[PDB]
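# Generate coordinates for the sequence data below:
(16 chains)
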Amino acid sequence: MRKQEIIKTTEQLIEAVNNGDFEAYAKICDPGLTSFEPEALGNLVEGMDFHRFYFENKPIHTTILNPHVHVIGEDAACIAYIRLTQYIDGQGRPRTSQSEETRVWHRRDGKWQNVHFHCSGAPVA
Amino acid sequence: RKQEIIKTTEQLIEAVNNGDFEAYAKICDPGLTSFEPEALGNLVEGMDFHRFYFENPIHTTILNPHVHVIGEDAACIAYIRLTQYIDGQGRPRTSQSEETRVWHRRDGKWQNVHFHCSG
Amino acid sequence: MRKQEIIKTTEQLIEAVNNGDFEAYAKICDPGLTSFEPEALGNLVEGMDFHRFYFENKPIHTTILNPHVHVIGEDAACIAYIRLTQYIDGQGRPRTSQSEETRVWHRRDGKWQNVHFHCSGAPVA
Amino acid sequence: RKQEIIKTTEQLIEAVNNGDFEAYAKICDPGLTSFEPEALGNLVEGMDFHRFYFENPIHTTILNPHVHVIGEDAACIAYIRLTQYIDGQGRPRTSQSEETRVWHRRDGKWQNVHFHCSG
Amino acid sequence: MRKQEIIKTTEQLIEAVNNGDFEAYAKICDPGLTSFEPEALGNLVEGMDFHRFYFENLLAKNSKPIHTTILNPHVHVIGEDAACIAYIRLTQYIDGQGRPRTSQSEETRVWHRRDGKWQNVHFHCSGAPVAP
Amino acid sequence: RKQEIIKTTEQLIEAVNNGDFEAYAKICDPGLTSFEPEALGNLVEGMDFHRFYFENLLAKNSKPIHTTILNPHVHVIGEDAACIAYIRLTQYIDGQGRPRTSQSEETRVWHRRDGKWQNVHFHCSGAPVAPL
Amino acid sequence: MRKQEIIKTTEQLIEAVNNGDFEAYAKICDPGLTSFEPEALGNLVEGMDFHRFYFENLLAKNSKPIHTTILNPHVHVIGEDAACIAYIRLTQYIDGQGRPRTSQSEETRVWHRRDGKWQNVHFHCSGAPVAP
Amino acid sequence: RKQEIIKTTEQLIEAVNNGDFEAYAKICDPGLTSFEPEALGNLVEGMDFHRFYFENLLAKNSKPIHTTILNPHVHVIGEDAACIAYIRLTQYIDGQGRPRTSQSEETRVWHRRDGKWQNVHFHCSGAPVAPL
Amino acid sequence: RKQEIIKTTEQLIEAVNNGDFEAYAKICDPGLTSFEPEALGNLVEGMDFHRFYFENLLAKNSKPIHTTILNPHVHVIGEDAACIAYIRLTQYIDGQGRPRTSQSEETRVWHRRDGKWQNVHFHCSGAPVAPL
Amino acid sequence: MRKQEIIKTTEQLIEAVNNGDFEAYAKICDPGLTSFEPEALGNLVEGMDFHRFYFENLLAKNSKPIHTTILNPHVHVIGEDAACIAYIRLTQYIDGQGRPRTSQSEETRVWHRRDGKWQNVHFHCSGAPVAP
Amino acid sequence: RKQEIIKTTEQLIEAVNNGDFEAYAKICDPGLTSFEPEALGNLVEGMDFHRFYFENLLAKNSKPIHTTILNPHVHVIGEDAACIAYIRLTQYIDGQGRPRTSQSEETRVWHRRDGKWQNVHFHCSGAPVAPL
Amino acid sequence: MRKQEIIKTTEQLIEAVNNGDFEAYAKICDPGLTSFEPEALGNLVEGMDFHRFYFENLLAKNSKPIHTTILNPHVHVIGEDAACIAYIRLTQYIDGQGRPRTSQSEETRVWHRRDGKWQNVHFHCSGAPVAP
Amino acid sequence: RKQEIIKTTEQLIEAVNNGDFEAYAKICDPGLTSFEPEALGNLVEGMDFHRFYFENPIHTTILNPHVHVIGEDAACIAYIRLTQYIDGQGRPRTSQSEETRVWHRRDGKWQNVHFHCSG
Amino acid sequence: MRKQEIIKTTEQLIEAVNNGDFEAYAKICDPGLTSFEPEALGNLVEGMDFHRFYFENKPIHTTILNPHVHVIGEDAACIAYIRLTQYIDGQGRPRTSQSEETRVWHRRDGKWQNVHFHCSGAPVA
Amino acid sequence: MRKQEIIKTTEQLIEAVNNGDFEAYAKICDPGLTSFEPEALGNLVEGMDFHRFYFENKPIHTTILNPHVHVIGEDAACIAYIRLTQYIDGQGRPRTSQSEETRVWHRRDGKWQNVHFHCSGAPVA
Amino acid sequence: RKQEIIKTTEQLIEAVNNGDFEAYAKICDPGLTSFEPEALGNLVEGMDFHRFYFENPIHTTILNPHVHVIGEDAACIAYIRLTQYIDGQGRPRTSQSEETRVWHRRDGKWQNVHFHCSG
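Residues are numbered from 1 along each chain as shown, chains lettered A, B, ... in the order given. Below you will find the coordinate block:
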């Protein structure tokens, strides 16, 4: 019912990363963002500044499989989905990479803000 | 308010290390989701999966906690799990694991709705 | 709605294998059963007789994750689920094994019969 | 009735080998599920996943088919996919894959609702 | 139609090997039997005697629960008293460690009906050698 | 008698070595079954599988080769049926320029249809001995 | 409260190394600087001169887009003009092949406030050596 | 001056070598941070982490060891603050019975509280040199 | 004719498998030449060379074995001379307890002297197939 | 006495192979020739055709100065028109690199005198295959 | 005092890094002894040994290098004698273009003769740190 | 002339280590002793205490017959009360297996005559570490 | 005359296999030279070297002898030594060695003046 | 005394091989020559014909060390010497090769003939 | 002529080492003895003291092959011989070891004294 | 007297490094014996063996000499040969060799009668 909005906002964020448009990513993310990801080497990154590097510095298509949104109150949600990223390597052969993601959401003045983001498996930068 | 979230997380961790499921079951939401290395990159649907490990010398340390409080009855702690143990050879070993636990306060006590584990 | 019956009948079959009760397995399966599984070495096995071997010849717990039942007509269904089998090895350490399963179902005189069964990943015999 | 299921399966396979998506899209059910080696042990939710491979010398052979017909408008074919191709070195190679396709006849033509692929 | 008899006679022969009863094997096989098999090291063995070794030297201590499955048969019937079955041999057994194992072998058996019963004149075997 | 079966087998083999499919297609039964190392332990149905190896054969990779048929054993059944079980010693020259030999154990089941002998089944152990 | 100044001064120093501006590094560091780092091979280097090498010998051809992140800081304030920050150095860069790489290094910097600005008296570094 | 800091460091080291935690606990600040090889590139918070190594030390594994503190460099700040940066040459005897030496680069930040010196932070590169 | 040569060859082979030299000595010509893998590419003169393998055979190492003579080709010359060229498929059981097959290509030149057939020369390629 | 003729005829055959003149080889060999040789992969090749390959596919670019030596001959004469020579083949040649190499091979040739000239009915070869 | 010994040691080191022998020859005693890794565990007598490394240094192999003298310990004896025991951290850039550090433990015995300090003995453990 | 006293005092020290008598070693060595040796892992150890470990932890069960030889000495005499000997240490011993072994080590010892007896202020050692 | 040289060579060989030096000493010339693998490519000066091996199940076979007779009291035999023995594992092994023995008939019996051994 | 003639005739033969003059080698050798050498692969070669190959198909210098001539009768000798052959490899570096030789000699109508020749170690062809 | 005395005195010394009688070795050797040997690790040992170790701390037989004595003056000689030492290893198998030796001799008050001793190849301690 | 022996040894060494045989031939005794690594553990009989190396950037250093003087016209020097050279790669290398040279003064100049070389 309300979980359908959380999945749509998650796609927008993912599309911002695949397209490489930071201004869209920055809007959907909470300036005070925490994140565990394989690129962080088992550390909790504090800023946008960490992610900006990957934006500022190939045909791909992300698929969001088996979503599970835990809705809390009026303005809080926790989606736990799988990230099947399809891309083409330098050699020219097509490759798929699986990554398990958890994104904690907080609705602030209308739009949904991303406060925390967990990522297991392959890095998608 | 974040200090309460860290205390409830320790209780849950202690329940796993002590092997007391009834304590784990209380602190966890019966409708629990979880990504963990044991799940082989799948989202387990709750309790019954964990029960297996309970029914069938260590010291856990919770480093660099970061609690994101949302509303009155919602929190998201993102901490590191440094588990110290002793191998079969007899030498002491440490294992690092990155954990995210999403919390929901229901009729007083804090319930764990989702749990992520890397490493 | 009707998919909930297919998931329950699948659990009964799985439980029959874990418990090692063939008579229950034989009832839920169609005597004319086809099956691709890792034990078959990429061949389509024809009988119960193949499975009987594993029954006639350890604490485990199977979990059925991300089910997807395709209902066709009144008496036909196709469930596509993941088999997370938790067990304890000979050394005494606990192990988990993932296997992707597809079971095609056919309702005959009340009870659901299993006509075909696909299994990718780890064998659970 | 099983002879129709084998013919429709060939059309789909030929659509993939020829790289004509419009033919693949017609024969497949928009709400398509699929276990395949490319999915990394996950159940893909349909079309968009496959489109990638289409948009971005071989001969396929369909060995030992086994069609389970259910009702008037339902079938389950379980066949082997012997795909013959030529490697970069120039030598010819064969690759075996075990496939299960669940079919549903909708307004005349057969639609593919589920597709399993091992090997 | 007539191919169903060829598959039944093939099972009897296979069961004779799994059970280790040579007299049954000897009856179903043609005394002038040719055979390519992995045990022969790429040679065509003559009639019987070669196989007897595997039957006779089978000890009860090494006797393991096994079950053979005959998958995707293809019987080519020629005349009234001749047939050629080409099947796959999925042999399920339990190793010395106690774990269950499966072994695939591709078999071709040429049959000749003599005074009622079917006689095996030639036998080809690729893959794993699946005599106990 | 058996001498006709060995001659027809050579024609088929020569069709593969020369890379002339039309000759291969004539001598083979359109409904052909076959176990061979290229099939990965499966029973192929059709010419279509074999056509690939004929058509994709380049003249640049065309090497001087000579097949030898050793220790034949033809089992004649009725008037229009035969089963030859022979060894295929294929002599060729590798890309480096050195001469190499490859052994393969073959069983071909034959059926005489409207004059000429047709190949209904074909088994092959050892090395895959097709120019490709 | 006062720890926020220590984290800001640490960033300035780090930025001086990433930008390759020694004059800024020299100002923020105490001329009598001690340092354990992976480049020192388990020795305590004396004040400056050792570091100058890495600044001066940095060529523009090898100049790579890099971005340092300071994670989980822990500032121990002592008196009015002394601090000890213990932080993790996640350095993001792009290798010669063109692929992006991250390198972790555990750092401890002991600070001493002299005539206004903070001076770095000691510097410890575990893990990867992350000077260009 | 600096001579007091080196003496207090020896007491702490001796507490670890002797395996007496109560002495270690006294000399260390309950709010202790620490980078060490056992922490896997993380900053540990507490005694609790260290207690494990003291308590789980068996008398059967108790080996004759002798620590040497080489090239100390004490940075004194104010009246009640110091930063020693020394090398830890730990001499021990392995299970085989042969004598072995292990080098580790250490930085310990000290704070004098109600008389005795308290250890607030502790850095360790190289070998983990705790009896276990 | 050639059937007598194959029977006498079996007697000789059986004498080696049974380890009865007196039978071997009778069937062999005292002036026997032989190329075999045990000779290291030399032509041995005498029984004396072979006697070693018979006499030094222990009962503890005595294994169930069965030799098979495949694709014989006897070249008869005059009344009292023959040349058999056969393959020796020796089936045995290794120390581990598993069954093994070993191929060896043999040529034996025969000479009929005062009734019984005498072996004047013996060639052996492949595996040395004597119980030892 | 009569053995000297057998050694001379063997040299002629060997020289025919080294010179690459098949017509001379074909004359000295019996059209119904059997042969065990390393090139045959432990099989008994039929008469001619197999050998022709090595003669015909010999290129002038790969033509190397070679010299065969026949050491320790042992001719077993049977009747008037039958002989069995067992000799060693030391073939001296020069490799592609330009260095001289020697290769040993143990040979047995069974001879039959037909209308004057000696015909070779069987030929065994162990060790190195020494056809250009 | 000891500060003069460290300055004269730098001059000598700089003479080796710059490749100016005349400066090295002046600062060294013509009757110089030396243990170094290049000597293969022997005590070299003369400049002549060292001259080789100076003279055979090519400008093509000339790399940007910087030596650092860490933890000096000068033992002054009388008016005209000193013994410095220091560590040689030599920073350089390899042929691949990556920066490398090499540690070497050095002992230099000094003797003040007609004003300037002369080097009578020189010990070197670890890496040989001469541009060559 | 005066160098003969330096070689005798060096032997006394060496004999103190081989005999395992520390009190004799302690007398001949300067309490403020520096030393580079292979056991120190490229560090300069402080005075005594480091060495005591090797003396005290020497067990009688591991006590092996050893004999040190001082080859090619070179004593540099400075003033009245200073000397620098540079010698090779050929230590002969017997391993646990019982076989005799020799170990080479290049040593430099700087000497200072204090109230009669010669005191050792510095000691360098390359090659094998030759303390029991 | 060559048949006598082969018989005397067997006696010498048998003396070594049996380990009877007095027989070896008689058949050998006190001034004996010898190249053998034990000598490490040096020419041993006689008896005393061999005595060591005597003082501190096999069957030797002498294949392809070639005796060069010179004058009345001189011969040069060049033969192959196929020595059959049993290894520690219990399996039978053969070892080839190429030998040249130069003979000199002195007061009746044949004396061995030189002995070469390859392999 | 008489052994000095045997060493001189051995040098002539060796020089014939190093110079590659067969006619000189053929004269000094007995047409019925036996020989064990490393090139023969542990066989006794019968002819000149074997050696001719090496003649018909680089700066070297042979040295004859520790000769030991056993003189028998008037026309028989047995020299046992070491062959230190110095040569330069294809790379251009100088190499030495040791070979232990025994040559049995027979004086026929004046000149010494070589009836047998043994060679251990390295081949000098 | 005079070289025969040098070979006899060399045997006495060798026998003293094989028998393990130092007093005999000490007499035949010059107290001021130099020596290059494999045990010295490419150094020139100065004393008896080095050798004493091996004496103070198995059936063997030494053979002295191809001696070459260079006689200088009335009381000086230089023998250059090969040391073929035959022994039995711990396993029980017989082994031979070659070593090239040079011993410089000086006749002092009757008996020959050994002033220098070189040894290449295998050590015989 | 030992200082003359060391000077004559340098002249000989320099003759080898410079490749001037006439100088080497003068300083060496025509009846020269020599153990060296090139001889493969054999005693070479003089000149002709060495000539090969002469007819078909380095710096030699003579360390720790020890001259044993015997009579008026005899000496035995035992020294170490540290030869410095540059490999094909271009890096500098050192090679150690232990040498013993026995000297005999004949009509003025010192002649080399024997020469040992290890390493």
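# Which positions within the host helix or strand of residue A:86 qualify as buried?
Assigned by DSSP states H and E, residue A:86 belongs to strand A:77-88. Buried residues in strand A:77-88, counting neighbours by 16 or more other Cβ atoms under 10 Å in any protein chain shown, are found at A:77-87. Heads up, the C-betas are built off the backbone N, CA and C, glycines and all.
# Make TSV out of the residues you listed and add distance to residue C:18.
Formatted as TSV, the buried residues of strand A:77-88 follow (distance: Cβ to Cβ, whole Å):
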residue	distance to residue C:18
A:77	36
A:78	32
A:79	32
A:80	27
A:81	30
A:82	26
A:83	32
A:84	30
A:85	35
A:86	36
A:87	39
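# quick check, nearest of the residues you listed to residue C:113?
When these are compared for distance to residue C:113 (Cβ to Cβ), residue A:82 wins out at 32.4 Å.
# May I have the beta-bridge partners of the closest one?
residue A:65, residue A:100 (DSSP bridges).
# What separation is there between it and residue E:94?
38 Å (Cβ to Cβ, to the nearest Å).
# Can you tell me the element the nearest residue to residue A:28 once chain neighbours are set aside falls in?
Using Cβ to Cβ, 6 or more residues apart in numbering or on different chains and skipping residues adjacent in sequence, the residue nearest residue A:28 is residue A:13, 4.6 Å away. In this structure, residue A:13 sits in helix A:3-19 according to DSSP H and E.
# how far out from the middle of the chain is that helix?
7 Å (Cα atoms, centre = their mean, to the nearest Å).
# same for the very next helix or strand once past it, what does it pack against?
Counting by DSSP H and E, the next helix or strand C-terminal to helix A:3-19 is helix A:22-28. Counting contacts by 3 or more Cβ pairs under 8 Å, 6 or more residues apart in numbering or on different chains; DSSP states H and E, helix A:22-28 is packed against helix A:3-19, helix A:49-56, strand A:112-121.
# can you rerun that using 7 Å?
Judged by 3 or more Cβ pairs under 7 Å, 6 or more residues apart in numbering or on different chains; DSSP states H and E, the packing partners of helix A:22-28 are helix A:3-19, helix A:49-56.
# hmm, who's touching the longest one?
Contacts of helix A:3-19 with the rest of the structure, by Cβ atoms under 7 Å, 6 or more residues apart in numbering or on different chains, involve A:24-25, A:28, A:60, A:62, A:64, A:67, A:69, A:71, A:77, A:79, A:81, A:103, A:105, A:112, A:114.
# Just the CA coordinates for that helix, please, in PDB.
What follows is helix A:3-19, C-alpha atoms only, in PDB (Å, rounded to 0.1, in the frame of the first residue of the first chain):
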ATOM      1  CA  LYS A   3       5.500   0.400   0.600                       C
ATOM      2  CA  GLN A   4       5.100   1.100  -3.200                       C
ATOM      3  CA  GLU A   5       6.300   4.700  -2.700                       C
ATOM      4  CA  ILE A   6       9.500   3.500  -1.000                       C
ATOM      5  CA  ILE A   7      10.400   1.200  -3.900                       C
ATOM      6  CA  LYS A   8       9.800   4.000  -6.500                       C
ATOM      7  CA  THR A   9      12.100   6.500  -4.500                       C
ATOM      8  CA  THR A  10      14.800   3.800  -4.200                       C
ATOM      9  CA  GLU A  11      14.700   3.400  -8.100                       C
ATOM     10  CA  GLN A  12      15.200   7.200  -8.500                       C
ATOM     11  CA  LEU A  13      18.300   7.100  -6.200                       C
ATOM     12  CA  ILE A  14      19.700   4.000  -8.100                       C
ATOM     13  CA  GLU A  15      19.000   5.700 -11.500                       C
ATOM     14  CA  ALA A  16      20.900   8.800 -10.200                       C
ATOM     15  CA  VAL A  17      24.000   6.600  -9.600                       C
ATOM     16  CA  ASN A  18      23.700   4.700 -13.000                       C
ATOM     17  CA  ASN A  19      23.100   8.100 -14.900                       C
END
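# Could you check the angle it makes with strand A:77-88?
40 degrees (axes from the mean of the first three to the mean of the last three Cα atoms, to 10 degrees).
# What are the buried residues along helix A:3-19?
Buried residues in helix A:3-19 (16+ other Cβ under 10 Å): A:6, A:9-10, A:13-14, A:16-17.
# now for the residues you listed, which pair is the farthest apart?
Between any two of these (Cβ to Cβ), the greatest distance is 17.2 Å, for A:6 and A:17.
# and the strand holding residue A:86 with strand A:112-121, angle?
Using the same axes, to 10 degrees, strand A:77-88 lies at 50 degrees relative to strand A:112-121.
# Report all helices and strands that strand A:77-88 contacts.
helix A:3-19, strand A:61-65, strand A:69-71, strand A:94-107, strand B:110-118.
# excluding its backbone neighbours, what's nearest residue A:113?
Counting by Cβ to Cβ, 6+ apart, residue A:113 lies nearest to residue A:30, which is 4.3 Å off, once chain neighbours are set aside.
# Sorry, wrong one. I was asking about residue A:95.
residue A:89 (5.2 Å).
# Any idea how many residues pack against the one you found?
Taking other Cβ atoms under 10 Å in any protein chain shown as the criterion, the count of residues near residue A:89 is 9.
# Name the nearest residue to residue A:102, sequence neighbours excluded.
Residue A:102 sits nearest to residue A:118 (Cβ to Cβ, 6+ apart), 4.0 Å away.
# Contact partners for that neighbour?
Applying Cβ under 7 Å, 6+ apart, one finds that residue A:118 lies in contact with A:36, A:101-102, B:100, B:116.
# Chain K: which of those is nearest?
Comparing the contacts of residue A:118 against chain K with Cβ to the nearest Cβ places residue A:36 closest, at 32.0 Å.
# pretty sure that closest one contacts residue A:44?
Yes. Between residue A:36 and residue A:44 a contact is recorded at 5.9 Å, counting by Cβ atoms under 7 Å.
# Look at these two and report which has more neighbours.
Set residue A:36 next to residue A:44 and count neighbours by other Cβ under 10 Å: residue A:36 wins out with 26 against 23.
# in stretch A:43-63, what's buried?
Buried positions in stretch A:43-63, judged by neighbour count with 16+ other Cβ under 10 Å: A:43-46, A:48, A:50-51, A:53-55, A:57, A:60-63.
# For residue A:76, grab the count of nearby residues.
If you count neighbours by other Cβ under 10 Å, residue A:76 ends up with 24.
# Run through the bridge partners of the nearest residue to residue A:45 once chain neighbours are set aside.
Distances taken as Cβ to Cβ, 6+ apart place residue A:35 nearest to residue A:45, at 4.9 Å, with adjacent residues excluded. Residue A:35 has these beta-bridge partners by DSSP bridges: residue A:45, residue A:117.
# quick one, what contacts residue A:35?
Shown in contact with residue A:35 (Cβ under 7 Å, 6+ apart): A:44-45, A:116-117.
# give me that answer again for 8 Å
By Cβ atoms under 8 Å, 6 or more residues apart in numbering or on different chains, the contact list for residue A:35 reads A:44-45, A:50-51, A:116-119.
# So which of these is the closest to chain F?
Nearest to chain F among the contacts of residue A:35: residue A:119, at 38.3 Å, using Cβ to the nearest Cβ.
# who touches that closest one in this structure?
With Cβ under 8 Å, 6+ apart, residue A:119 has these contacts: A:35-38, A:83, A:99-101, B:118.
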